[PDB]
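Shown here is one chain on its own, the form deposited in one PDB entry, set out as structure tokens.
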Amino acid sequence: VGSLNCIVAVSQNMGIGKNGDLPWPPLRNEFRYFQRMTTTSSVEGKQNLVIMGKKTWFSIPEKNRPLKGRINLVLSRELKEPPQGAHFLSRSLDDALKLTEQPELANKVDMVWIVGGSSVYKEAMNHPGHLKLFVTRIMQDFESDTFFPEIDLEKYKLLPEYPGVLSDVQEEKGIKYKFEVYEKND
């Protein structure tokens, strides 16, 4: 795999989770952005792959698992098969990336999206080569118990804009946020 993508929504105090859910009330269009970015592939015959940790999998409501229109892969060091409804299980990110090149997934996977949580992001962000980080900055503090790893600015550059990503401050349910895209190359 020549490139990876991470996608996250983070509060101003770097929070991503609280009590097995998001720290902030649900933001419908922010969720639709996540859906659009992770689902969309114009390569006929392929789908995108989402990679997530075990707690993130179980944080998705049952009726919405697996995430529709995407191949769902869960990371765990302890499970011996995928959680019910998930398509694949790997012991690490590198194992997961190697899996996509074996006969079953060889001709089936377009983009790879890392969707959290903290340890999944941390590993992905140090993976060699080209990686983009799609980061929604929720412009408020929220009490959180799970946090997004620091963005190494020696490695990552904030892109001034990105095709298909809105540049202006957004607002839903009185909460302001903005969409950012970062990239590293080495």
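Residue numbers run from 1 along the displayed sequence. Only the largest set of C-alpha atoms that superpose within 1.5 Å between the two forms is called the rigid core. Only residues modelled in both forms are compared.
Same protein, other form: the form deposited in another entry, not shown, and the subject of what follows.
Comparing between the shown form and the other one on the rigid core: C-alpha of residue 84 shifted by 2 Å or more?
Shift of 2 Å or more: no.
By the 2 angstroms cut-off, has the C-alpha of residue 94 moved between the shown form and the other one once the rigid core is superposed?
Shift of 2 Å or more: no.
Core-superposed comparison between the shown form and the other one, runs of at least 3 residues with CA shifts of 2 Å or more
Segments displaced between the shown form and the other one after core fit: 42-45, 101-104.
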